[PDB]
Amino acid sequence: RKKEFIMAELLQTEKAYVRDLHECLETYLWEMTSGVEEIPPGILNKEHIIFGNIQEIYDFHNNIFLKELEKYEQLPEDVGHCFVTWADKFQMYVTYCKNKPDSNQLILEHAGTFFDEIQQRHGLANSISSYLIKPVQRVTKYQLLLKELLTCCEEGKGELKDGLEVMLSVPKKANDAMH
């Protein structure tokens, strides 16, 4: 039962993450790249600095990773292999974290209430800052879920150990990349 609770959370939280990145892209990013609203000169064409590579992270999770986790729904003890398979894609969290301080300062110093206006307009509970921390959260959270699986799966579970090793290494590499 515990292994299934965890896989169920893994999947439910993955869907939410995909939903949240999607929201972020289609509200905050879209308004800027639209040219429907008037954009502060401080941030103009600096969407690459604000959102870093989050499009690419979304595409990964939305085209591939969620489809593949789903396939492991009845295979919790093997789901570490999913991460092994797709390890290279997680390197894009390294790029993302690197950029995050730059994104954050940029927003303080030069966007005033641009994003607050959009938040308010669309009626979102999450600020642009709340959406933009999520990839950092998510990348450190996977390793928690795998540890939980390790507490309740048998010695048919180096199909977790290697998954976990990957998901310990990604955030560390991201961590060690920061200026």
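A residue's number is simply how far along the shown sequence it sits, counting from 1.
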For the C-alpha atoms alone, is the average B factor greater in 124-132 or in 41-49, going by the entry? 41-49
Tell me which stretch has the larger mean Cα B-factor in this entry, 109-117 or 60-68. 109-117
Have a look at 143, 33, 137, 27 and flag the one whose Cα has the highest B-factor in the entry. 33
Would you mind checking where the Cα B-factor of residue 159 ranks among the modelled residues of its chain, as the lowest, middle or highest third? highest
